[PDB]
Every structure is written in structure tokens, then in C-alpha cells.
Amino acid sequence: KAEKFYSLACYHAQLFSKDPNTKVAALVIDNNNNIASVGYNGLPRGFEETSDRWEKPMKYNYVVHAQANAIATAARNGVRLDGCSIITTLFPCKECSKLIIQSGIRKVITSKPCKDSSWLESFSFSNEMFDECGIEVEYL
């Protein structure tokens, strides 16, 4: 089931993300394997999406990460995430990892980062926080 959800998230990212380089999506799943929340990476809702704003490095000032969006959407709609797992097509950065911990999510399921990534340092802080705070990491 986890691998199928990962495949489902890869497709969601390809369908919806306007990021020209890296399309990211995340699914928050409860203990009955039901979907509690979904997000993809994009500029905030209604924010004009121009070519200049989607180029690197400018885009980092504007882009909302997929995992942050799944959690913000649950806050917006009042969907309780405590105790769920998060399945994400990309390992969460340090800022998303903070949100995952504080939102009560207990497990991150994803793929091992391409260690040519420019996010490797951010991911190192993610792993330090996850392991000490007791959030499991599972790689498919």
C-alpha cells in the first residue's frame, strides 16, 4: 500500500505542480490507510505565477512545499492529522520536518535523496530532528 501511495503521489505532482524543475507531492495517511490530506508544491493560491517567479533561486522566496501544503490544508479545513504517516515524493526539508513533528505525524515514507541534491544539508537537520523526536523514516 505504501508503494502504491508513493506512485499515486508521483502522478499528483506531475499533474498539478508548475515547478519547472522539481515536482513534489505528499499524502497524509491514517492507520486505516485512508487519505487525510494531500498537497503539492506551488506558489500560494492566487499569487501571480510568472516565469521570473518560478526560476531558481527566486522561487524559494515564494514556493510552498508539498508537505507544508498538506499540513496547512488540514489546518484550514480542520482535518485532524495526529498519528498519521506522511508519504512524500521528496524527503522533507528541515522546515517541513519541523511542521511534521509539530502536527503529530509519526512516520515519513519516501525515497532516498539523490545525494547530488542541493538539499542534502537541509535534510541532515531533518534527520537529526526526526530521530531525536521519535518520528520514523522509511525508505521504499
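So that there is no doubt, residue numbering starts at 1 and follows the sequence shown.
- Of the two stretches examined, 8 to 16 and 118 to 126, the record assigns the greater average C-alpha temperature factor to 118 to 126.
- Per the PDB record, of the two stretches 106 to 114 and 37 to 45, 106 to 114 carries the greater mean B-factor over its C-alpha atoms.
- Within the listed group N69, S51, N77, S85, the record reports its top CA B-factor for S51.
- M58: CA B factor in the highest third of modelled residues in this chain (values from the PDB entry).
- In the deposited entry, the Cα temperature factor of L90 sits in the top third of values across the chain's modelled residues.
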